[PDB]
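**Student:** Dropping in query18.pdb, which is PDB, C-alpha atoms and all ligand atoms:
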```
MODEL        1
ATOM      1  CA  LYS A 532       0.000   0.000   0.000  1.00  0.00           C
ATOM      2  CA  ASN A 533       0.968   3.635  -0.718  1.00  0.00           C
ATOM      3  CA  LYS A 534       3.843   2.679  -3.033  1.00  0.00           C
ATOM      4  CA  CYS A 535       4.383   2.445  -6.794  1.00  0.00           C
ATOM      5  CA  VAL A 536       4.492  -1.319  -7.384  1.00  0.00           C
ATOM      6  CA  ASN A 537       4.138  -3.688 -10.337  1.00  0.00           C
ATOM      7  CA  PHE A 538       1.126  -5.981  -9.996  1.00  0.00           C
ATOM      8  CA  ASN A 539      -0.516  -8.873 -11.845  1.00  0.00           C
ATOM      9  CA  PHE A 540      -4.213  -9.354 -11.030  1.00  0.00           C
ATOM     10  CA  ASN A 541      -5.653 -12.499 -12.693  1.00  0.00           C
ATOM     11  CA  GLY A 542      -3.727 -11.997 -15.935  1.00  0.00           C
ATOM     12  CA  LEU A 543      -3.728  -8.241 -16.517  1.00  0.00           C
ATOM     13  CA  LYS A 544      -0.545  -6.276 -15.836  1.00  0.00           C
ATOM     14  CA  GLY A 545      -0.098  -2.644 -14.837  1.00  0.00           C
ATOM     15  CA  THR A 546       1.836  -0.199 -12.701  1.00  0.00           C
ATOM     16  CA  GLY A 547       0.325   2.043 -10.061  1.00  0.00           C
ATOM     17  CA  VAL A 548      -0.015   2.995  -6.415  1.00  0.00           C
ATOM     18  CA  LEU A 549      -2.324   0.440  -4.770  1.00  0.00           C
ATOM     19  CA  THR A 550      -3.993   2.556  -2.087  1.00  0.00           C
ATOM     20  CA  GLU A 551      -7.453   2.082  -0.525  1.00  0.00           C
ATOM     21  CA  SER A 552     -10.726   2.374  -2.459  1.00  0.00           C
ATOM     22  CA  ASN A 553     -13.300   4.417  -0.445  1.00  0.00           C
ATOM     23  CA  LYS A 554     -15.873   3.187  -2.976  1.00  0.00           C
ATOM     24  CA  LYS A 555     -19.441   1.877  -3.038  1.00  0.00           C
ATOM     25  CA  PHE A 556     -19.023  -1.186  -5.268  1.00  0.00           C
ATOM     26  CA  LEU A 557     -21.871  -3.611  -5.849  1.00  0.00           C
ATOM     27  CA  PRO A 558     -20.723  -7.186  -5.120  1.00  0.00           C
ATOM     28  CA  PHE A 559     -21.151  -8.620  -8.650  1.00  0.00           C
ATOM     29  CA  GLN A 560     -18.380  -6.680 -10.422  1.00  0.00           C
ATOM     30  CA  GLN A 561     -14.578  -6.553 -10.447  1.00  0.00           C
ATOM     31  CA  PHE A 562     -13.380  -3.577 -12.518  1.00  0.00           C
ATOM     32  CA  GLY A 563     -13.879   0.141 -11.928  1.00  0.00           C
ATOM     33  CA  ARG A 564     -13.011   1.878 -15.216  1.00  0.00           C
ATOM     34  CA  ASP A 565     -13.865   5.581 -15.329  1.00  0.00           C
ATOM     35  CA  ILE A 566     -13.878   6.862 -18.934  1.00  0.00           C
ATOM     36  CA  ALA A 567     -11.506   4.832 -21.110  1.00  0.00           C
ATOM     37  CA  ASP A 568     -10.176   1.278 -20.653  1.00  0.00           C
ATOM     38  CA  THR A 569      -7.888   2.407 -17.802  1.00  0.00           C
ATOM     39  CA  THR A 570      -8.400   0.362 -14.627  1.00  0.00           C
ATOM     40  CA  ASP A 571      -9.127   2.494 -11.568  1.00  0.00           C
ATOM     41  CA  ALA A 572     -10.046  -0.273  -9.107  1.00  0.00           C
ATOM     42  CA  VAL A 573      -9.558  -4.046  -9.394  1.00  0.00           C
ATOM     43  CA  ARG A 574     -10.913  -6.427  -6.750  1.00  0.00           C
ATOM     44  CA  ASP A 575      -8.598  -8.760  -4.838  1.00  0.00           C
ATOM     45  CA  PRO A 576      -9.093 -12.514  -5.463  1.00  0.00           C
ATOM     46  CA  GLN A 577      -8.475 -13.830  -1.905  1.00  0.00           C
ATOM     47  CA  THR A 578      -9.503 -11.021   0.461  1.00  0.00           C
ATOM     48  CA  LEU A 579     -12.095  -9.702  -2.062  1.00  0.00           C
TER      49      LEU A 579
ATOM     50  CA  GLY B 194     -21.317 -20.611 -23.625  1.00  0.00           C
ATOM     51  CA  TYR B 195     -22.591 -19.976 -20.106  1.00  0.00           C
ATOM     52  CA  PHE B 196     -26.128 -19.148 -18.950  1.00  0.00           C
ATOM     53  CA  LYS B 197     -26.525 -15.757 -17.258  1.00  0.00           C
ATOM     54  CA  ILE B 198     -29.378 -14.658 -14.987  1.00  0.00           C
ATOM     55  CA  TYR B 199     -30.308 -11.046 -14.191  1.00  0.00           C
ATOM     56  CA  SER B 200     -32.997 -10.134 -11.673  1.00  0.00           C
ATOM     57  CA  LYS B 201     -34.220  -7.561  -9.154  1.00  0.00           C
ATOM     58  CA  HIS B 202     -36.958  -7.872  -6.531  1.00  0.00           C
ATOM     59  CA  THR B 203     -39.168  -4.810  -6.047  1.00  0.00           C
ATOM     60  CA  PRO B 204     -42.366  -4.374  -3.983  1.00  0.00           C
ATOM     61  CA  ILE B 205     -45.007  -2.433  -5.936  1.00  0.00           C
ATOM     62  CA  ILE B 206     -48.722  -1.602  -5.820  1.00  0.00           C
ATOM     63  CA  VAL B 207     -50.809  -2.066  -8.962  1.00  0.00           C
ATOM     64  CA  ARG B 208     -53.976  -3.574 -10.397  1.00  0.00           C
ATOM     65  CA  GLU B 209     -53.042  -7.181  -9.920  1.00  0.00           C
ATOM     66  CA  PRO B 210     -52.886  -8.595 -13.515  1.00  0.00           C
ATOM     67  CA  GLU B 211     -52.781  -5.326 -15.409  1.00  0.00           C
ATOM     68  CA  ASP B 212     -50.651  -2.269 -16.416  1.00  0.00           C
ATOM     69  CA  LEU B 213     -46.968  -3.123 -15.661  1.00  0.00           C
ATOM     70  CA  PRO B 214     -45.786   0.022 -13.889  1.00  0.00           C
ATOM     71  CA  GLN B 215     -43.519   2.917 -14.810  1.00  0.00           C
ATOM     72  CA  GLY B 216     -40.099   3.816 -13.433  1.00  0.00           C
ATOM     73  CA  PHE B 217     -36.653   2.319 -13.858  1.00  0.00           C
ATOM     74  CA  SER B 218     -34.950  -0.667 -12.230  1.00  0.00           C
ATOM     75  CA  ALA B 219     -31.542  -2.147 -13.029  1.00  0.00           C
ATOM     76  CA  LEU B 220     -31.288  -5.943 -12.955  1.00  0.00           C
ATOM     77  CA  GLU B 221     -28.294  -7.318 -11.074  1.00  0.00           C
ATOM     78  CA  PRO B 222     -26.659 -10.671 -11.906  1.00  0.00           C
ATOM     79  CA  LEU B 223     -26.682 -13.331  -9.196  1.00  0.00           C
ATOM     80  CA  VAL B 224     -25.381 -16.720 -10.422  1.00  0.00           C
ATOM     81  CA  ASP B 225     -23.628 -17.705 -13.652  1.00  0.00           C
ATOM     82  CA  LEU B 226     -23.293 -21.406 -14.497  1.00  0.00           C
ATOM     83  CA  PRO B 227     -20.798 -22.549 -17.174  1.00  0.00           C
ATOM     84  CA  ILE B 228     -22.873 -24.925 -19.291  1.00  0.00           C
ATOM     85  CA  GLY B 229     -22.779 -25.684 -23.011  1.00  0.00           C
ATOM     86  CA  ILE B 230     -26.501 -26.243 -23.423  1.00  0.00           C
ATOM     87  CA  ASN B 231     -28.463 -25.305 -26.535  1.00  0.00           C
ATOM     88  CA  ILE B 232     -31.804 -23.758 -25.558  1.00  0.00           C
ATOM     89  CA  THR B 233     -34.476 -23.246 -28.221  1.00  0.00           C
ATOM     90  CA  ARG B 234     -37.570 -23.340 -25.995  1.00  0.00           C
ATOM     91  CA  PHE B 235     -38.441 -23.071 -22.309  1.00  0.00           C
ATOM     92  CA  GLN B 236     -41.419 -24.088 -20.185  1.00  0.00           C
ATOM     93  CA  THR B 237     -42.599 -22.168 -17.132  1.00  0.00           C
ATOM     94  CA  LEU B 238     -43.464 -24.019 -13.914  1.00  0.00           C
ATOM     95  CA  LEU B 239     -46.529 -22.889 -11.956  1.00  0.00           C
TER      96      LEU B 239
ATOM     97  CA  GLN C 917     -24.515  67.229 -20.297  1.00  0.00           C
ATOM     98  CA  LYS C 918     -26.925  65.626 -17.811  1.00  0.00           C
ATOM     99  CA  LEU C 919     -29.011  64.017 -20.581  1.00  0.00           C
ATOM    100  CA  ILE C 920     -25.935  62.454 -22.226  1.00  0.00           C
ATOM    101  CA  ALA C 921     -24.651  61.311 -18.814  1.00  0.00           C
ATOM    102  CA  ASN C 922     -28.022  59.778 -17.875  1.00  0.00           C
ATOM    103  CA  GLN C 923     -28.269  58.038 -21.265  1.00  0.00           C
ATOM    104  CA  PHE C 924     -24.730  56.664 -20.863  1.00  0.00           C
ATOM    105  CA  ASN C 925     -25.536  55.434 -17.344  1.00  0.00           C
ATOM    106  CA  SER C 926     -28.798  53.827 -18.510  1.00  0.00           C
ATOM    107  CA  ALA C 927     -26.944  52.153 -21.402  1.00  0.00           C
ATOM    108  CA  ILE C 928     -24.128  50.888 -19.151  1.00  0.00           C
ATOM    109  CA  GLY C 929     -26.588  49.516 -16.577  1.00  0.00           C
ATOM    110  CA  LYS C 930     -28.381  47.549 -19.299  1.00  0.00           C
ATOM    111  CA  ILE C 931     -25.129  45.799 -20.304  1.00  0.00           C
ATOM    112  CA  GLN C 932     -25.124  43.752 -17.085  1.00  0.00           C
ATOM    113  CA  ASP C 933     -28.802  42.937 -17.680  1.00  0.00           C
ATOM    114  CA  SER C 934     -28.161  41.818 -21.270  1.00  0.00           C
ATOM    115  CA  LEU C 935     -25.090  39.784 -20.223  1.00  0.00           C
ATOM    116  CA  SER C 936     -26.641  37.971 -17.244  1.00  0.00           C
ATOM    117  CA  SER C 937     -29.681  36.951 -19.333  1.00  0.00           C
ATOM    118  CA  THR C 938     -30.459  34.814 -22.451  1.00  0.00           C
ATOM    119  CA  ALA C 939     -27.883  32.177 -21.292  1.00  0.00           C
ATOM    120  CA  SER C 940     -25.949  32.126 -24.603  1.00  0.00           C
ATOM    121  CA  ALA C 941     -24.390  35.585 -24.960  1.00  0.00           C
ATOM    122  CA  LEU C 942     -20.771  34.426 -24.515  1.00  0.00           C
ATOM    123  CA  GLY C 943     -20.955  31.676 -27.132  1.00  0.00           C
ATOM    124  CA  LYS C 944     -17.745  32.616 -28.951  1.00  0.00           C
ATOM    125  CA  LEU C 945     -15.767  32.020 -25.744  1.00  0.00           C
ATOM    126  CA  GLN C 946     -17.664  28.846 -24.814  1.00  0.00           C
ATOM    127  CA  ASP C 947     -17.219  27.258 -28.263  1.00  0.00           C
ATOM    128  CA  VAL C 948     -13.404  27.376 -28.040  1.00  0.00           C
ATOM    129  CA  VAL C 949     -13.438  25.522 -24.704  1.00  0.00           C
ATOM    130  CA  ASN C 950     -16.043  23.118 -26.123  1.00  0.00           C
ATOM    131  CA  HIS C 951     -13.814  22.364 -29.127  1.00  0.00           C
ATOM    132  CA  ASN C 952     -10.679  21.991 -26.964  1.00  0.00           C
ATOM    133  CA  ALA C 953     -12.634  19.593 -24.725  1.00  0.00           C
ATOM    134  CA  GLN C 954     -14.146  17.638 -27.636  1.00  0.00           C
ATOM    135  CA  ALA C 955     -10.714  17.109 -29.219  1.00  0.00           C
ATOM    136  CA  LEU C 956      -9.244  15.928 -25.899  1.00  0.00           C
ATOM    137  CA  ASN C 957     -12.253  13.635 -25.395  1.00  0.00           C
ATOM    138  CA  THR C 958     -11.915  12.181 -28.905  1.00  0.00           C
ATOM    139  CA  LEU C 959      -8.182  11.589 -28.375  1.00  0.00           C
ATOM    140  CA  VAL C 960      -8.880   9.392 -25.329  1.00  0.00           C
ATOM    141  CA  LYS C 961     -11.967   7.676 -26.830  1.00  0.00           C
ATOM    142  CA  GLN C 962      -9.824   6.373 -29.729  1.00  0.00           C
ATOM    143  CA  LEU C 963      -7.477   4.539 -27.338  1.00  0.00           C
ATOM    144  CA  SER C 964     -10.202   1.894 -26.854  1.00  0.00           C
TER     145      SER C 964
HETATM  146  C1  LIG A1001      -8.220 -18.293   0.056  1.00  0.00           C
HETATM  147  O1  LIG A1001      -9.188 -17.522  -0.692  1.00  0.00           O
HETATM  148  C2  LIG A1001     -10.410 -17.289   0.027  1.00  0.00           C
HETATM  149  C3  LIG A1001     -11.352 -16.590  -0.925  1.00  0.00           C
HETATM  150  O2  LIG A1001     -12.690 -17.038  -0.756  1.00  0.00           O
HETATM  151  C4  LIG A1001     -10.117 -16.483   1.292  1.00  0.00           C
HETATM  152  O3  LIG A1001     -11.322 -16.310   2.029  1.00  0.00           O
HETATM  153  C5  LIG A1001      -9.076 -17.196   2.149  1.00  0.00           C
HETATM  154  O4  LIG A1001      -8.710 -16.375   3.252  1.00  0.00           O
HETATM  155  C6  LIG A1001      -7.829 -17.532   1.328  1.00  0.00           C
HETATM  156  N1  LIG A1001      -6.883 -18.295   2.125  1.00  0.00           N
HETATM  157  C7  LIG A1001      -5.571 -18.035   2.153  1.00  0.00           C
HETATM  158  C8  LIG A1001      -4.744 -18.924   3.032  1.00  0.00           C
HETATM  159  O5  LIG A1001      -5.076 -17.124   1.499  1.00  0.00           O
ENDMDL
END
```
Show me, as structure tokens, the structure contained in the file I just sent.
Ligand SMILES: *[C@@H]1O[C@H](CO)[C@@H](O)[C@H](O)[C@H]1NC(C)=O
**Tutor:**
Amino acid sequence: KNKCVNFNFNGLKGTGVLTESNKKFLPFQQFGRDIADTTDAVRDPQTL
Amino acid sequence: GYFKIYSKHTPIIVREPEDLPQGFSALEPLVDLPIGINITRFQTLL
Amino acid sequence: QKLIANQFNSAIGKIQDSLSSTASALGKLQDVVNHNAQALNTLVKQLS
């Protein structure tokens, strides 16, 4: 948390700062894309 | 491939067979099952 | 002198009335920002 780190979440790659969410996600979805295909929030697979 | 199901439960008040009401309601998915079944018809169960 | 001054004051006071109304008086300044936003929106929408 709070550090620029390479990640690999169920196949997709990317580089970013994995901080907290403070979101209101409905429990049937995984991705959180805002305008384009950039990934704002991706759900964890173990902790969910 | 798989068979998806979308639904939403909503309590309303209406004439009991007639005039499906106004408004908007988004249908959330609940359970997806990965089957390879061809479906051409379906029969309701009352 | 007083008639010209009163006419100038009555014409200046109507400028703020004509500018705060009709909701589309400053269209030549809004269209430039609208074009510069539409180009930047099209440049991201073609990344998908
Ligand atoms: C395994 O994944 C599940 C996800 O349902 C999680 O609840 C559990 O804590 C995980 N166990 C370990 C040891 O990571």
**Student:** The PyMOL selection byres ((chain B) within 9 of (chain A and not hetatm)) on the file shown: which residues, as an mmCIF file with C-alpha atoms, in the coordinates of the input?
**Tutor:**
```cif
data_model
loop_
_atom_site.group_PDB
_atom_site.id
_atom_site.type_symbol
_atom_site.label_atom_id
_atom_site.label_comp_id
_atom_site.auth_asym_id
_atom_site.auth_seq_id
_atom_site.Cartn_x
_atom_site.Cartn_y
_atom_site.Cartn_z
ATOM 1 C CA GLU B 221 -28.294 -7.318 -11.074
ATOM 2 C CA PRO B 222 -26.659 -10.671 -11.906
ATOM 3 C CA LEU B 223 -26.682 -13.331 -9.196
#
```
**Student:** For ligand LIG 1001 (chain A), which residue among A:567, A:579, A:536, A:549 is the nearest when counting all atoms listed in the file?
**Tutor:**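 Checking each of A:567, A:579, A:536, A:549 against ligand LIG 1001 (chain A), counting all atoms listed in the file, the winner is A:579.
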**Student:** Enumerate, in order of chain and increasing residue number, the residues of chain C with an atom no farther than 8 Å from chain A, each with its shortest atom pair and distance in Å to one decimal, counting only C-alpha atoms, as CSV.
**Tutor:**
```
residue,atom,partner,partner_atom,distance
C:960,CA,A:567,CA,6.7
C:961,CA,A:567,CA,6.4
C:963,CA,A:567,CA,7.4
C:964,CA,A:568,CA,6.2
```
**Student:** Collect all residues with atoms no farther than 9 Å from ligand LIG 1001 (chain A), counting all atoms listed in the file, and output them as a PyMOL selection string.
**Tutor:** chain A and resi 576-579
**Student:** Need the shell around residue 570 of chain A: protein/DNA/RNA residues with any atom at most 12 Å away, counting all atoms listed in the file. Skip same-chain ones fewer than 5 positions apart. Format as a PyMOL selection string?
**Tutor:** chain A and resi 540+543-547+549+561-565
**Student:** Store the residues picked out above, limited to C-alpha atoms, as a JSON list (two decimals), in the frame of the given file.
**Tutor:**
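File written: part.json
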```json
[["chain", "number", "residue", "atom", "x", "y", "z"],
["A", 540, "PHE", "CA", -4.21, -9.35, -11.03],
["A", 543, "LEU", "CA", -3.73, -8.24, -16.52],
["A", 544, "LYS", "CA", -0.55, -6.28, -15.84],
["A", 545, "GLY", "CA", -0.10, -2.64, -14.84],
["A", 546, "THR", "CA", 1.84, -0.20, -12.70],
["A", 547, "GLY", "CA", 0.32, 2.04, -10.06],
["A", 549, "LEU", "CA", -2.32, 0.44, -4.77],
["A", 561, "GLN", "CA", -14.58, -6.55, -10.45],
["A", 562, "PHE", "CA", -13.38, -3.58, -12.52],
["A", 563, "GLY", "CA", -13.88, 0.14, -11.93],
["A", 564, "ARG", "CA", -13.01, 1.88, -15.22],
["A", 565, "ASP", "CA", -13.86, 5.58, -15.33]]
```
**Student:** For the provided coordinates, the residues matched by the PyMOL selection byres (((chain B and resi 218) around 9) and not hetatm) should be stated as a list in words.
**Tutor:**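 This file gives the following for the PyMOL selection byres (((chain B and resi 218) around 9) and not hetatm): residues 201, 203, 216, 217, 219 and 220 of chain B.
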**Student:** Tell me, in Å to one decimal, how far atom CA of residue 955 of chain C is from atom CA of residue 935 of chain C.
**Tutor:** 28.3 Å
**Student:** Report, in Å to a single decimal, how far apart atom CA of residue 195 of chain B and atom CA of residue 224 of chain B are.
**Tutor:**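 Rounded to one decimal, the two atoms are 10.6 Å apart.
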**Student:** Might you spell out which residues the PyMOL selection byres (((chain A and resi 552) around 10) and not hetatm) would select in the displayed file, as a PyMOL selection string?
**Tutor:** chain A and resi 549-551+553-556+571-574
**Student:** Just to confirm, what's the straight-line distance from atom CA of residue 231 of chain B to atom CA of residue 196 of chain B in Å (one decimal)?
**Tutor:**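 Straight-line distance from atom CA of residue 231 of chain B to atom CA of residue 196 of chain B works out to 10.0 Å.
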**Student:** Could you give me the centre and size, in Å to one decimal, of an axis-aligned box around all listed atoms of segment 556-565 of chain A with 3 Å added on every side, as AutoDock Vina command-line options?
**Tutor:**
```
--center_x -17.4 --center_y -1.5 --center_z -10.2 --size_x 14.9 --size_y 20.2 --size_z 16.2
```
